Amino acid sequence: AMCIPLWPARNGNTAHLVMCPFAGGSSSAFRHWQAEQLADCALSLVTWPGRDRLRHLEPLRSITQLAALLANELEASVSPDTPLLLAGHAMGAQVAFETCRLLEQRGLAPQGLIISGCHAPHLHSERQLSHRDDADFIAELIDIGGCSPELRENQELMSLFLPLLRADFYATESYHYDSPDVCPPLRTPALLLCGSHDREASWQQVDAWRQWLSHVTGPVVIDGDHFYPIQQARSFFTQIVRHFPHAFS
C-alpha cells in the first residue's frame, strides 16, 4: 500500500485525511506530525514508490501515474461512508488534485481537497531543477531548504538520493496542461493554502488554481516558509479543520 497511518481517528470522528508529500518527501519528513495529534480525523501519509516500505519499487516519473495508483487504493480501502479529505503540498498537491479528479469522476464524492504551496497546472514553477547537472541540482535542493550540504561530499548518498529526487522533480516539473479547459473543473470543495514567505510558490501562483476548481476558498495564508505544513503544523491543521466542518462533524 502507498498509505501509511500517522494518526488514528479519535473522539468518535469518522473523517480520514490523506496527505500527499512534496518532492523528495518521505515518512521521516513528517515525524513532527506523529509527535502530537492536532485534529480528530484519522491521518495517513502517501509514500511515493522507491523509498520507505516501497524501496523495492522503481520511482515513478508521472504525476498522473501516481494519482492512478492512489485513487485505486483509496477506492478499494475507504468506505463510501467515510468522509475523505485529500491534501497535498507542492508536488503532493498535483497528485492530490489528479487523485481527486479520478475519485470524483468515479462517483466517489471526496469531501474536500486541500491544495497547498503549489502553482496551478497551467503554470510552471519559478524554480526548475530537472535540466541541471548533479551539483547544480543539489545546490537548488539545498536552497529550497530540505537538504543537507553533506549530500555533496558523499558520492554514495548522491547515487542513492539523486535517482529518487530526480524522478520526483521530473514528475512534478513535466506536469503541465496548456490551458484549464483541457478538462472540466473539479466540483469537490477545495481549500487553497500558501505561505507568507514561501519562496517556492507565491500567492499568485497558488491563486491560479481557481481556474480548475468550481467550489474553492483561498488562498489562505499561513505564516511561514515553504515547509509551513510541518514547521507550522498547528496553523496548517487549523485551517483544514475550519474549512471542512461538514467532514469533521
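Numbers for residues come from their place in the sequence shown, where the first is 1.
Averaging only over Cα atoms, indicate whether 169 to 177 or 77 to 85 has the higher B-factor in the PDB entry. If you average the C-alpha B-factors of 169 to 177 and of 77 to 85, the larger mean comes out for 77 to 85.
Comparing average C-alpha B factors as deposited, tell me which of 180 to 188 and 211 to 219 sits higher. Higher mean C-alpha B-factor in the PDB entry: 180 to 188.
I'd like to know which of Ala135, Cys100, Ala120, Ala93 has the highest C-alpha temperature factor in the PDB entry. Within the set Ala135, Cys100, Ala120, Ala93, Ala135 shows the top C-alpha B-factor.
Taking the entry's C-alpha B-factors for this chain, is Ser26 in the lowest, middle or highest third? Ranked within chain, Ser26 CA B lands in the middle tercile.
Third assignment of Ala233 from its chain's C-alpha B-factors: Within its chain, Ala233 is a middle-third residue by C-alpha B-factor, going by the deposited values.
Taking the C-alpha B-factors as the PDB entry records them, is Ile240 in the lowest, middle or highest third of its chain? Its C-alpha B-factor belongs to the middle third of this chain's values.
Give the position of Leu151 by CA B-factor within its chain, expressed as the lowest, middle or highest third. CA B-factor rank for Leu151: highest third.
Taking the chain's C-alpha temperature factors as the reference, tell me which third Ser159 falls into: lowest, middle or highest. Its C-alpha B-factor belongs to the highest third of this chain's values.
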